[PDB]
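Chemist: This one's experimental. Sequence and coordinates below.
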Amino acid sequence: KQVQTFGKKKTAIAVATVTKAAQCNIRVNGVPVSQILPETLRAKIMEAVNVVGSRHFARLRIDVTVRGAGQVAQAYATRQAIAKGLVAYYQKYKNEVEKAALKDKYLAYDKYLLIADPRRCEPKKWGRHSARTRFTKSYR
Amino acid sequence: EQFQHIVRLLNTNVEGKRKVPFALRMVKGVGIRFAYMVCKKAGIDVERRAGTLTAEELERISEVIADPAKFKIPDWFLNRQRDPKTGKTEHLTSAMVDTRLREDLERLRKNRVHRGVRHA
Amino acid sequence: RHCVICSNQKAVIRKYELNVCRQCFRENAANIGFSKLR
Amino acid sequence: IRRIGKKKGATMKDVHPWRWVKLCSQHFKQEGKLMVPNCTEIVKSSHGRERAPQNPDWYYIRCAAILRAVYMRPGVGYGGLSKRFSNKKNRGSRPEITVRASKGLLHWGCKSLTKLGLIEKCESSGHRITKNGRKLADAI
Amino acid sequence: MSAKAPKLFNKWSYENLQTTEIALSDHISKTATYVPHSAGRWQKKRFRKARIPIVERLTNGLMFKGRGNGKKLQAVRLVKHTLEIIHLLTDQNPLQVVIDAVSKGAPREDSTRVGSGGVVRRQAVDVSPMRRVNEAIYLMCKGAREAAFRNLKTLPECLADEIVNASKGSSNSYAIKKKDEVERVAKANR
Amino acid sequence: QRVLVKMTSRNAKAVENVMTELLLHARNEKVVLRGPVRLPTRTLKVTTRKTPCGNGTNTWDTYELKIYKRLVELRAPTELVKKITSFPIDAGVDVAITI
Amino acid sequence: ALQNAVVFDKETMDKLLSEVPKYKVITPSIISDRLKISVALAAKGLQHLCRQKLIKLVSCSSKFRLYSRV
RNA sequence: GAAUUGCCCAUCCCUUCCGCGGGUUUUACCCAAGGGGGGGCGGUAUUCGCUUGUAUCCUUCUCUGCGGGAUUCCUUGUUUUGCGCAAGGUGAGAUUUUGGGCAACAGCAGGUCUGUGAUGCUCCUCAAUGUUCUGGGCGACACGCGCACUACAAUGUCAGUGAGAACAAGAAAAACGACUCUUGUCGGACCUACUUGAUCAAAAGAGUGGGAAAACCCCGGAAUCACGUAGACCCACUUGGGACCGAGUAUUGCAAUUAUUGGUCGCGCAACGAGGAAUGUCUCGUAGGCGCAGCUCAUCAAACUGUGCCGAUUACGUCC
C-alpha cells in the first residue's frame, strides 16, 4: 500500500514516498532522524510527526528526496510532504472519519497544514537595485 | 616565578603569550613560516613563551629562523628569493631588512608612467 | 574591438550574442524581432 | 554506496577510523603537509593534524557520490577567501591534495578508479561507533 | 503518543505558567512550539502580531547589525543556553520568568511632545498594551548587545542576568531604569 | 534510429501550424506518432540604456525573445521524411531535422 | 584574583578547587571574571575537574556548556 | 549481485484488550502468570542519484501550449435607497488579485550636432590639424585640498586563523574563404569532464573525452548556514583589520612601463574601537545579510544588470 505526495515551499520541492509500514521511524534523504546535523531543523521536522500521535499514526515508512533550496526551506518542505502522505494514505485505505480526526488537529496546530507558503521572491528592476533603496539620493 | 616573560631575540624585549607562533611574529615572522614550528623541536601549541630553553629549546628555533636550508624543510617559505645582486637570502629580520631595500629605493622610484610616479 | 555598422569604434560596441546594434542604437534601429512587454 | 551519513558523517564517522589509521599506518603522509591546504591562510596549515583530518573523508566523498574526483571532489572541498583584498569574497580550492587523493583509493577499502568498494571496510569497522565512543561521546 | 497532547520546549512545561499581569493577557500568549523559530508570515494586519507568544517575538528581535550574522537559527542556539541559566538561578521554570520580566520592565506611562507656539508641552500619556510588550523586549535585548560589545566575557549569560533583574524590579536591568525615569516626568507633570 | 522533429522558431503561431496540423499526415498514416510535451523555452534577454547621453535618470530596458522548441517524435521513417519536412513552408525560421 | 595571568602555578590550581564549587553556576567565563587565569585554559581547567566529579555537567555538549555545584 | 543482516553500553522485546494471584489497612503506586489481537529486529531491511548493470510498470515529483479560479457569500453589522465600507468565511490567493510594462494634454530656450548615410552654415581641407592595424604619450598627475558615489573594518549577535557535513537559479558557449574535403566541400579561436600536474609547493604545463545545450556528466556544491568534532584564539588595535613597501615567478597579449595577479612572503606594533553638526530609504518574503552568473573584452569589476539563498523589528496612522 502506497501513496506519493509532495511538499512545496519556496524553490524546494520535496517528494514523499510512502511505502506501507506499521512501525518505521521516519527518515529523510541519506541521513536519518537522529543524525540530522542542524538540531534546530531536526526539531522542526520532528513536530510534523510528534504531534497528532508520536508513533501512533506515524507508523508508515516515509523517506524523501528534497532538492531545490537551502537547508532551512528543505526542512519546511519535509514537514509538509510527510503530513500530506499520512493524510492521503488514511483517505484511500481508510475511512474519512479517521482522516477528519487527524487532519483537523494538523490544521489547528500552527503550520496550517494546508498552505504551500508560496511567497517567493522579488524581481530586480530598472535602474534600481532590488526593491527601492535606489543608489543613494541626489539632493532634491 | 615566570610564566609569561619577556624574551630578547633581536636584543629586543618582546613579551610572551600563551601561544608560541603568534608571539613569535613580533620578531619579524608570520604564521605561514611557522609551519616550520613542527620541525623547530617544539611542535606543541598552547604553550607559554616563557618556556625558552626548557620546553621549547630556544636555540633550535633560532637556527631554523636563520637558515632553514640546513634542515630538510621546504624552502618555499623564504622571505626573499633570488635577489638582483645576490642569490637567495633565507629570511627578513632586523638590519638585514634595510640592506636590500636601499639598493632598489634609488632605482625603483625613478620610474615614470602612471603607476611609476605613484610608487615614487 | 571594432564595429561593422559604424567605423567609429567609440560610443560603445555591443558584441553580446554576436550582434552590433549599439553603434546604431537599437531603439532607433529595431526590427531585429525584440520587443519589450515587461 | 553505504559510507558517510549513516553514523552521523560529520563528527561520528571521522574520529574512529582516524584513531585506527594512525595506530597502524595506511594512508599518505607525503611532504607538502606544511603547504597551504585552504585558501588565504595567515597561519600554518592547522594547529595539529595537517593531513590527518583528510584522507578517509576524501575517499568517502568520491564513494557515495560515485567518481567525483580532482575537480568535482573539491566541490566538497572548502575555500571562502576569508581574508581578502577588500573586494567581495569568492570561493576557491587548492589542488594540492587532488593528486594524492586519486592515488589513495587503490589501497584500503576501495579498488579502482571505476569501483569504490571491496567489502567497504570503513562501514563495517564503523559499526562499533554506535556501540561505544572512543572520545567519550555525548550521545552514547 | 506522548507528544500529541503534551507540549514542551523540550523539557519546559506550559502548565506552570500564568500571565502575571491582568492589564496584559491578549498581547502575552503561551508557547506550545518546541523552538521559537519562525517560518510563517508574522504581519499583515494591525493586530495579527499578538496572536503569538512573547518568546517568538523576543527571539526575532534579539539582535540585528548584520555583517554575516546568522539570524534566526543562531538566536535559537543562544535561547537554549539562556533558559537553562535562568532556570537554575530562579530555581523555577525559566519561561514564567520571561512572562514576568517583559511586563515589569515595560514603561506604563509616557509623556510626549505635542505642544505648539514655538514650544513643546508634555502630558501624561498611558502606554497601550502591545507597546508595553514591544518596548520592554527591545530595551532588554538592546542591553545584551551593549554588554558584550567590547566587554564582559559572557555570550548568552547577559540575557539571563537582565531577565532575572527585570523580574525582580532591580535597577541593574536596562529596562527597569527607563520605566523609572520616564514615570518621574510623567507623574510629576500632567 | 528513431527520427525526431524539432522545430525551432522565434514565434508561436508558426510552429503551431507545423506540429498539430501537418503531423496528422504522419500520425498513423505512414508511421506511428509518439507525442511528448515540447522542450523548455529559452529567453534571450538584453538590457539597453534608453538615454543617448549621460543626463537622464540612468534608465534601462528589458527586451526579451521567446525561443520555441517543439519536439515530437516518430518511430523510424526512412524516405518518408522527405514528405514530413516539405509540408511547412508557412513561415521563416522553420527548420526540421532527421536522425 | 590578580588581573593578568597566563600562569600555571601552585596558587592558581589550589585556589581553583575552592572557588569552583562555591558558585551555583560555573562557566569558563566567570572563573576569568575572578580573573585568576584567562578564559582560554580556564575551559580545560573545569573539564578535567568535572571528569573527576568536582562539578556537575548540565549540557550534553562542551564549549557553550554550563555547569553547577555538584 | 555488491553491501548491510547493527546482540561490544541500549530499538528478541513490546503495545492494546482481558482474567487471576501477590507487595498496599485504605488510596496512589507496583510485581507475577495466562488468553485474545498487531506486527516489530529478519513477513515492512537501507541507499546507490552508474551496479548505467540484469527484469517489469507508471506519470505523483518535471515540462510547455491552451483553458479553469472570487468583489460572490456571510456577519443579517455599517448601507436613509444608491455609490459603497469593515470584520469574518469559503478558499492557493482578499482587491486597481499580486509584481511589472505601456500611457493623455500642455510644455522646458533641459540633455544629445563625440550614435548614424539625421542635418542648416562655416571652420578644419594637403609642413591636413582631415586621415592613418604607424610609433610613443595623455585622459589615471598628488600641496596630503573640498565634494559625490563605492567598498573594508574596528569583532564574541562567523567571532578570528582549523576541520567536516548537508545543500542553489537564471544565464553564457561555435565559428574565420582557413587548411582538408568534390563534379559541388569537413575540422581548430566556447566551455566543462577525466587523468598526469606529490617519491614533494602555489601560480602554472599537456594528452585523452563530450557538447550548438533538458547532451555540458548526475546539469548544478562548498557563502550566509550547520558543528560540539569536547578545535584554536579570547576582551585586544590582537591572533581584530588591511593600505603601504621590497624581492621572486608564472599566466595574457599586436605591444606592458607592479597592465597581468586566481601566487608565493615581507612590512601590520599603518589606519580605524561603531564614530560632532547634517542626511539618506524601505511597512513583507520587504529591509538587512550573503553568494553566483551575465555585461564590458589582449587582460582586470569595489561598477552595472539578472537569478537564488538566509530573512526581521516597528507601523498599517496623520498631515504637522
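Modeler: Arrived safely, thanks for sending. Numbering: from 1, shown residues only, chains lettered A, B, ... in the order given.
Chemist: Can you get me a residue count around residue F:9?
Modeler: As a burial measure, residue F:9 scores 21 neighbours (other C-beta atoms under 10 Å in any protein chain shown). No exception for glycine: its C-beta is placed from N, CA and C like everyone else's.
Chemist: residues contacting it?
Modeler: By C-beta atoms under 8 Å, 6 or more residues apart in numbering or on different chains, the residues touching residue F:9 are F:15, F:67-68, F:70, F:91, F:93-94.
Chemist: among the residues you listed, which are in strands?
Modeler: Among the contacts of residue F:9, DSSP state E puts F:68, F:70 in strands.
Chemist: Dihedrals phi and psi, residue E:115?
Modeler: Torsion angles at residue E:115 (phi, psi; degrees, to the nearest 10) stand at phi -80, psi 180.
Chemist: what about it, how many neighbours?
Modeler: Neighbours around residue E:115, by other C-beta under 10 Å: 11.
Chemist: list the contacts for it?
Modeler: When contacts are counted by C-beta under 8 Å, 6+ apart, residue E:115 touches E:121-122.
Chemist: so where do the strands sit in chain G?
Modeler: Counting by DSSP E, the segments of chain G that form strands are G:25-26, G:56-57, G:67-68.
Chemist: Repeat that for chain B.
Modeler: Ranges of strands in chain B, per DSSP E, are B:7-8, B:13-14.
Chemist: With chain F instead?
Modeler: Counting by DSSP E, the strands of chain F are F:4-9, F:33-34, F:43-46, F:63-66, F:68-74.
Chemist: Turn the strands of chain G into JSON lines, columns for distance to chain A and mean neighbour count.
Modeler: Shown next, in JSON lines, are the strands of chain G (distance: least, C-beta to the nearest C-beta, whole Å; neighbours: other C-beta atoms under 10 Å in any protein chain shown):
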{"stretch": "strand G:25-26", "distance to chain A": "23", "mean neighbour count": "21"}
{"stretch": "strand G:56-57", "distance to chain A": "18", "mean neighbour count": "16"}
{"stretch": "strand G:67-68", "distance to chain A": "21", "mean neighbour count": "19"}
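Chemist: Need those strands in JSON lines (columns: distance to residue E:160).
Modeler: Formatted as JSON lines, the strands of chain G follow (distance: least, C-beta to C-beta, whole Å):
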{"stretch": "strand G:25-26", "distance to residue E:160": "9"}
{"stretch": "strand G:56-57", "distance to residue E:160": "18"}
{"stretch": "strand G:67-68", "distance to residue E:160": "14"}
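Chemist: So for RNA strand H, which of those strands sits nearest?
Modeler: Nearest to RNA strand H, of all the strands of chain G, is strand G:56-57, at 7.6 Å by C-beta to the nearest atom of the strand.
Chemist: Do that closest one and chain D come into contact?
Modeler: No. For a cut-off given as C-beta under 8 Å from any C-beta of the partner chain, strand G:56-57 has no contacts with chain D; the smallest distance is 9.8 Å.
Chemist: The residue in chain D that chain G sits nearest to - nearest residue in space that isn't next to it in sequence?
Modeler: Chain G sits closest to residue D:138 of chain D, with a gap of 4.4 Å, by C-beta to the nearest C-beta. With C-beta to C-beta, 6 or more residues apart in numbering or on different chains as the criterion, residue D:138 has its nearest non-adjacent residue at 4.4 Å, and that residue is residue G:60.
Chemist: Now do that neighbour: how many residues are near it, please.
Modeler: Neighbour number of residue G:60 under other C-beta under 10 Å is 9.
Chemist: Which of the helices or strands spans residue A:17?
Modeler: Element membership of residue A:17, judged by DSSP states H and E, is strand A:12-19.
Chemist: Give me the number of neighbouring residues for the closest residue to residue A:52 other than its chain neighbours.
Modeler: Excluding the flanking residues, the one nearest residue A:52 by C-beta to C-beta, 6+ apart is residue A:105, at 5.0 Å. Applying other C-beta under 10 Å, we find 15 other residues in the vicinity of residue A:105.
Chemist: could I have the host helix or strand of residue A:105 exported to PDB, CA atoms only?
Modeler: Using DSSP H and E, residue A:105 sits in helix A:96-108. The C-alpha trace of helix A:96-108 is given here as PDB (Å, rounded to 0.1, in the frame of the first residue of the first chain):
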ATOM      1  CA  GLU A  96     -13.000   9.700   6.100                       C
ATOM      2  CA  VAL A  97     -13.700   9.600   9.800                       C
ATOM      3  CA  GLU A  98     -10.100   8.800  10.800                       C
ATOM      4  CA  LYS A  99      -8.800  11.300   8.300                       C
ATOM      5  CA  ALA A 100     -11.100  14.100   9.700                       C
ATOM      6  CA  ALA A 101      -9.700  13.500  13.200                       C
ATOM      7  CA  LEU A 102      -6.000  13.600  12.100                       C
ATOM      8  CA  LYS A 103      -6.500  16.500   9.700                       C
ATOM      9  CA  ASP A 104      -8.400  18.800  12.000                       C
ATOM     10  CA  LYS A 105      -5.700  18.600  14.600                       C
ATOM     11  CA  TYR A 106      -2.900  19.300  12.000                       C
ATOM     12  CA  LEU A 107      -4.900  22.400  10.700                       C
ATOM     13  CA  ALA A 108      -5.200  23.700  14.300                       C
END
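Chemist: mind checking how far the residue sitting nearest the centre point of chain B is from residue B:43?
Modeler: Nearest to the mean C-alpha position of chain B, counting by C-alpha atoms, centre = their mean, stands residue B:29 at 3.4 Å. Using C-beta to C-beta, to the nearest Å, residue B:29 is found at 16 Å from residue B:43.
Chemist: Residue F:35 now?
Modeler: Distance, residue F:35 to residue B:43, using C-beta to C-beta: 70 Å.
Chemist: re the thing from before, for residue E:152, which of the strands of chain F is the nearest?
Modeler: When those are compared by C-beta to C-beta, strand F:43-46 sits nearest residue E:152, at 52.7 Å.
Chemist: residues touching the closest residue to residue A:4 other than its chain neighbours, list them.
Modeler: Nearest residue to residue A:4, sequence neighbours excluded (C-beta to C-beta, 6+ apart): residue A:17, at 5.5 Å. Contact analysis of residue A:17 by C-beta under 8 Å, 6+ apart lists A:2, A:4, A:62-65.
Chemist: Pull out the buried members of these.
Modeler: A:62-64 (16 or more other C-beta atoms under 10 Å in any protein chain shown).
Chemist: Nearest to residue E:13 among those residues?
Modeler: In terms of C-beta to C-beta, no member of the buried ones among the contacts of residue A:17 lies closer to residue E:13 than residue A:62, at 29.4 Å.
Chemist: Kindly confirm my reading that that closest one is in a strand.
Modeler: Yes. Counting by DSSP: H, G, I helix; E, B strand; the rest coil, residue A:62 is located in a strand.
Chemist: before we move on, the earlier item: thought the residue nearest to residue D:138 was touching residue D:136?
Modeler: No. Counting by C-beta atoms under 8 Å, residue G:60 stays clear of residue D:136, with 11.3 Å between them.
Chemist: Helix, strand, or coil at the residue of chain C found nearest chain B?
Modeler: Nearest residue of chain C to chain B: residue C:10, at 21.1 Å (C-beta to the nearest C-beta). Three-state assignment for residue C:10 (three-state DSSP): coil.
Chemist: Residue 52: neighbour count?
Modeler: Chain wasn't specified; assuming chain A. 24.
Chemist: actually it's chain E I care about, not the one you picked
Modeler: Around residue E:52 sit 18 other residues, with neighbours defined as other C-beta under 10 Å.
Chemist: Could you do residue B:11 as well?
Modeler: By the criterion of other C-beta under 10 Å, residue B:11 has 6 neighbours.
Chemist: The residue nearest to residue G:62 when sequence neighbours are not counted and residue G:27: what is the separation?
Modeler: Of all residues not flanking residue G:62 in the chain, residue G:47 sits nearest, at 7.3 Å (C-beta to C-beta, 6+ apart). According to C-beta to C-beta, residue G:47 stands 12 Å off from residue G:27.
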